[PDB]
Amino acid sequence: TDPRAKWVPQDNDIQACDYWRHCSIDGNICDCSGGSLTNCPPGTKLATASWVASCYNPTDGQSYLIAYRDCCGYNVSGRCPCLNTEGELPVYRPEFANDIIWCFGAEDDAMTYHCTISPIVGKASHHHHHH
């Protein structure tokens, strides 16, 4: 809760903003509006675009690439809001930028932001952000 302090990941509670996979999430955690860690809630549309972060998992000491995806087509959930920005770069490095509504590719051209999922896609880190 010091907002300016270095963020400290945990691996025990995915609805909390300090859960290790949420290291560059911006919005709301989908598990709090009827989705789950890596699935969208009923009625929303899963975007195909993504943003990446290398998130350190304190459990096994490894850094994993989390390719976030938005669940779109609904007004924002309002449950479990979180903004983290580990390795987050400005908009002109959009692969690592998180203010962008990443709803591209969602079915029915859905473009409104409801919540974000945090699936792992790889094990790697970045020049600009490595453990």
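All residue numbers are counted from 1 along the displayed sequence.
Enquirer: Compare the mean C-alpha B-factor of 40 to 48 with that of 88 to 96 as given in the PDB entry, and name the stretch with the higher value.
Expert: Result: 88 to 96.
Enquirer: Mean CA B-factor: is it higher for 53 to 61 or for 66 to 74?
Expert: Comparing 53 to 61 with 66 to 74, the higher average CA B-factor belongs to 53 to 61.
Enquirer: Compare the C-alpha B factor of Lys123 with those of the other modelled residues in its chain, then answer lowest, middle or highest third.
Expert: Ranked within chain, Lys123 CA B lands in the highest tercile.
Enquirer: Compared with the other modelled residues in the chain, in which third is the CA B-factor of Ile25?
Expert: Middle third of the chain for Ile25's C-alpha B-factor.
Enquirer: Ranked by Cα temperature factor within the chain, is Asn12 in the lowest third, the middle third or the highest third?
Expert: Highest third.
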